[PDB]
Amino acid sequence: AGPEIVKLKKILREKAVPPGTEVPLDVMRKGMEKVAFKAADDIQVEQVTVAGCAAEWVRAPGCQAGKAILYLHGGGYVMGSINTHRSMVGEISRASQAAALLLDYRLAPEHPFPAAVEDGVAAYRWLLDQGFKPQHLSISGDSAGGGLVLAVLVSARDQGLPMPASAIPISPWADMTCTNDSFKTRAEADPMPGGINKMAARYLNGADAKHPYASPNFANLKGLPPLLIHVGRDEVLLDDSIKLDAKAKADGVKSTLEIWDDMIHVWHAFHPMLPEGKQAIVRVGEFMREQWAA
């Protein structure tokens, strides 16, 4: 284990709210906003509106004309924004030499499932309408946002939309039942989970937790484009990614799973102080670019 991850783990444990204290949603939202990394100052940004949602085009230096990432941010379907994610997304734009469309999709409990999926589908539709070719498109996202990547592809496929060249779920939450072994197995190693059930409850609002667009580990994934799945060994959501990968394989989908030893939930987001964070982002961009050559 690098010294950075050890130090980051320690920091994350100090700051965590003890297990079981109920933090109000508005407190969690504001906290997440207040601690958001500022994006690199060579990242520029352009505010647009897409499918009735605020979005930003997030363009690092070196972007290729004609290419785009639909980016779907994490936050358990209940929090996160353009602000919480602009930094990391700017580094994914840098690594993939493509502009990212960062969508402020509708969040539960105000807008429960399937609002976020409708927003992602419509955003993808918007990109095709703007004239981006599907073979020039990628979709990526972290945590809740990473399951939503898969939910969007499935829903889009069902609606006759063409698939993009690739998809990169980062630490995807793709199974709202939260029953996988790793919630027990990886819980000690994970400094980042009865709070994950509250999110699920807020998102679902009574809907089937095995609904394909809520929990794409139960969806038919046939026809989806090549996947890169990043997950940390040291995370409660390990099993979501292992099982996602197996599902995709079974379903005929080209899938590459990288389990990064010693890594935590969306360790990418800590790229400013974590060498592996930077490395994993460079890898995401490498894969998007590889898939854009094939």
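Just count from 1 along the sequence shown to find any residue number.
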Residue 76 dropped from a third or more of the other entries of this protein: no
Other entries lacking residue 193, at least a third: yes
Between residue 204 and residue 205 - deposited residues without coordinates, as a size class: none
183-191 or 209-217, whichever carries the higher mean Cα B-factor: 183-191
Entry-level comparison of average CA B-factors, 124-132 and 94-102, reporting the higher stretch: 124-132
Top residue by Cα temperature factor, when 63, 269, 231, 69 are compared in the entry: 63
Residue 29, C-alpha B-factor rank within chain (lowest, middle or highest third): middle
Assigned third (lowest, middle, highest) for the C-alpha B factor of residue 57: lowest
Ranked against its chain, the third holding the CA B-factor of residue 178: highest
Record-listed C-alpha B factor of residue 171: chain third: lowest
Ranked against its chain, the third holding the CA B-factor of residue 148: lowest
